[PDB]
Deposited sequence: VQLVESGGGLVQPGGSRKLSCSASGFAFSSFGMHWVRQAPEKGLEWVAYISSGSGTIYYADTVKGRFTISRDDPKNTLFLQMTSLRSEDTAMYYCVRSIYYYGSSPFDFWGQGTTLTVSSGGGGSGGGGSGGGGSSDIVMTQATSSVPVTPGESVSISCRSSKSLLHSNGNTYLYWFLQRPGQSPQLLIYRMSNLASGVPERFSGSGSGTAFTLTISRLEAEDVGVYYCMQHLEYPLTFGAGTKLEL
């Protein structure tokens, strides 16, 4: 699977810019698509979404109107048209793949991202921990405070743990706090009750060093955590 972004660089404030997310190596028309920004030395933040088959579009409440997202199914490319760009939009933009059915693992594969520098009521996910230096070979616990009870009536509590490595794209670590993603080692336990959520790492490795993002998927807009960095 491959997601390649294109269209970044230095953009004048107020100008328009189209981003092209070239998808390769999967059934593109059956995947909902996200954009997730990341400001320099700041947490992740959702931008926009298209449901599978271009049915149900969504945007973040703070960037509504300026961003126009569209999908090209024969060419397998996600377009993000941008107008009236402000100084807040200078960020790395990740093109995220997701799929929604029972037992599906959305937010599984993340694009490499594109750097775009601009010259010049929501469910708050309180990530109270900033950074804890842990010696490798030790069990690590990352807490996650949520403002709203994410336990839905049907049973599955919607919260996704991500790991972002330094110089790498973030990846799905755990989806719905009881289910490991395809390709993650069997060391990441999730335990969540109501609004309290806990990530447990049994054995810390050098690959596990990174920033952990706690993201709720109960209501739109999707809100990320501030992040919990590890330092070896």
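Stretch of the deposited sequence left without coordinates: only 121-135.
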